[PDB]
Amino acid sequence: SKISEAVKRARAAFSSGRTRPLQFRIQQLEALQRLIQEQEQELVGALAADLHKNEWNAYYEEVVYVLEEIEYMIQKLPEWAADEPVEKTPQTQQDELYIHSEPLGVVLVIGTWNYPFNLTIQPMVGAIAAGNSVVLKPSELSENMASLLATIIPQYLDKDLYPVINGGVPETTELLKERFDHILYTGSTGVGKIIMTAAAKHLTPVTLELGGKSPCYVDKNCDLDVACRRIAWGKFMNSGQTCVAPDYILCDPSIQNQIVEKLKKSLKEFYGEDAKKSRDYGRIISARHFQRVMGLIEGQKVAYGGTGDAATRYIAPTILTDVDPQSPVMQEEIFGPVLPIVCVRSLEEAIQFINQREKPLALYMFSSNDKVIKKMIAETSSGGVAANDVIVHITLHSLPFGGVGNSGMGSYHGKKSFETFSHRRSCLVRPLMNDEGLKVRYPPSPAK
């Protein structure tokens, strides 16, 4: 089959040794830089068609991080790839002890649809830097990016080592029967279990970047104006379709009304009075997801927004107050511009609220009290944490990005990408000469 032949060619090309010299890897990374530069208008147009993005947020909210990653890993690749001496002991002082890094082989990257360029190419950048063949499976939901990547990737990258696999769920299922040396999947918690089950048949290690509801705790005593501007920004970028969007708000009921008003103000500054007329506001990816998200407003106390246009998959920025935690909008990852507010009476209540639910990909708190910050971190668990901002903690080269529990396992970005897509092999190299001090280990054992 076409899928099986693609993987066969990728493994043969890996086995030829072509990816091992750093020179080759840097060239492929420089080819991706060229792709981003030459295909700028094509990439913008695909994101516009898929997600109603424009040239500005296509670059600053997605593509730029791929370029940043490429530039960083190119500059650091020789240091990362070098054998790494480690601490010795008195008994090993004449030996070499070091960590040897080597590629895993053929890596599979399964992209998702909400950031269809970054979440396909930024993982690939890492796997390329580590010397692997990298098979790509774009998500079919962002049809235009999927079609574009299938066209332009082979025009820049090695054709056998870095193939693009077209199709939807049936094709991914057949792809997942092939033998890979690592699989990185971004998407839903449920499908993560399916990926891990398929990987188990080959003992394939997996990096699973999954889902959840990223809580956003707002401290009574903080600067509600700057806090609410940042929350609005992170909740409503990409029309709410972000893996680390602040999903919902936990706040004292005594500030629910001020939070609603300052969110409204910031939203009006961002997108104007009618977000439907703003070039900076996105659309829902599909008819199914539009229907799903609209369903989450039914029966709720709408403080703002609450309408949607099925024809264009527009859902107006929506805020819900006094939300029952047991209601639909609080029982699934929203992934839409509907922001519920859940009332808690204390920090300790919020911690308990967070801890009773599955571990989220991100946890956010807004507060100028360091005791509040340290305590919420110490008593909770999440993939990552941001205090007094949203989104940004997953854009930093020094902060590995990934989940825990139902939000996923493993991480990548920056140096962690190189490690995740490598085997780190412990090496002990001794001189081959008689060592009187070793003789104590040989039998016979001392009889007394």
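Note that residue numbering follows the sequence shown and begins at 1.
- Stretches compared: 240 to 248, 363 to 371. Higher mean C-alpha B-factor in the entry: 363 to 371.
- In this entry, 287 to 295 has the higher mean Cα B-factor, the comparison being between 287 to 295 and 158 to 166.
- Which of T380, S407, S411, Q41 has the largest Cα B-factor in the deposited entry comes down to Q41.
- Across the residues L267, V86, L203, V135, the deposited record lists the maximum Cα B factor for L267.
- Sorting the modelled residues of the chain by their CA temperature factor places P21 in the lowest third.
- Sort the modelled residues of the chain by CA B factor and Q33 lands in the highest third.
- The deposited CA B-factor of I3 belongs to the middle third of values across its chain.
- In the deposited entry, the Cα temperature factor of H397 places it in the highest third of its chain's modelled residues.
- Remark: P215 belongs to the middle third of its chain, ranked by C-alpha B-factor as recorded.
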